[PDB]
């Protein structure tokens, strides 16, 4: 089966291009959709850093003129990119391995361009798409609509969001002296191109951790939490009817009934949600994995001291209070109507609404991706 892909520019002036990349079903082979509606499957190149030998930029009709509609073949690990005025430079490495534009590295050929992307997957069970602010927010916000069985819509960042986000974060940096302003990327014309989450600014310095930005942001708060739960229980509700598990800190290990163990975390762990006690290990039981997500979420939201039982009984109003918190997440949530801002933002108290930026349908007919408003 297939379905229609509709690319639209609602209101921006001039020229916008879209790119569709992914892996085709089972072959695992990199693949790009072509302006003419056909598929381009590159062969492995003769050298690294080889320019994409076919032009796969898809020109969008003018703002308001309607959509470019083509046939979407099934694929996974897929993306839709947009870029204004220019095109994007893609490359090939021996494999074939597609070299993707790196929003968070300043030497990248596209670093100064105005571009964005969202991620999707289309297998025979469903089309699943996702607007996510876990990594970046851009001056080219994407919204989408999926028609099939149901109709699902995901609202974009509103016009101007990325400027507000950049200003709020610079304002934060002015007060706490932390490198929040370095997450901003401004072109040559003064305009804001994107803002990136702290982990994307920290990962360069994983090599040299003694120079990592933000390395000591959470250090005091973490020690406060660990000392609290040396003398009283931390109750984590696994939810879904699985009930709660109580934990205590012995020395530097937080241990829950069932022998689930978490070492003292670092600011790095909290921001990545994937190191220290939050590293994903396939050798972990499901309870251990439930505990991990909820504890990472609570540190990001700074509710570990205020709420000994969580997430049930907490609300969004409890999140991101005080000087030391995940201000990236706080500010993105303030300036966006829906979508996640950090890797475990999906943790929510029972009864609270789903605020994920995903849309999915088991029988997709048209997948509309748009820019502008």
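Residue numbers count along the first chain shown, from 1.
Peer 1: So which stretch wins on mean C-alpha B-factor, 102 to 110 or 292 to 300?
Peer 2: That would be 102 to 110.
Peer 1: Taking the mean of the C-alpha B-factors per stretch from the entry, tell me the winner out of 195 to 203 and 208 to 216.
Peer 2: That would be 208 to 216.
Peer 1: Which of these has the highest Cα B-factor in the record: 88, 80, 131, 283?
Peer 2: Comparing C-alpha B-factors across 88, 80, 131, 283, the maximum falls on 283.
Peer 1: Can you pull the Cα B-factors for 332, 305, 47, 347 from the entry and say which is highest?
Peer 2: Each of 332, 305, 47, 347 was compared by C-alpha B-factor; the highest is 47.
Peer 1: Ordered by C-alpha B-factor within the chain, which third holds residue 266? Give me lowest, middle or highest, please.
Peer 2: Its C-alpha B-factor, which the entry lists for residue 266, ranks in the middle third among residues of this chain.
Peer 1: Considering every modelled residue of the chain and its Cα B-factor in the PDB entry, is residue 259 in the lowest, middle or highest third?
Peer 2: Middle third.
Peer 1: Place residue 3 in the lowest, middle or highest third of its chain's C-alpha B-factors, as listed in the PDB entry.
Peer 2: Highest third - that is where residue 3 ends up once the chain's C-alpha B-factors are sorted.
Peer 1: Please place residue 21 in the lowest, middle or highest third of its chain according to the CA B-factor in the PDB entry.
Peer 2: Ranked within chain, residue 21 CA B lands in the lowest tercile.
Peer 1: Among the chain's modelled residues, which third holds the C-alpha B-factor of residue 234?
Peer 2: Within its chain, residue 234 is a lowest-third residue by C-alpha B-factor, going by the deposited values.
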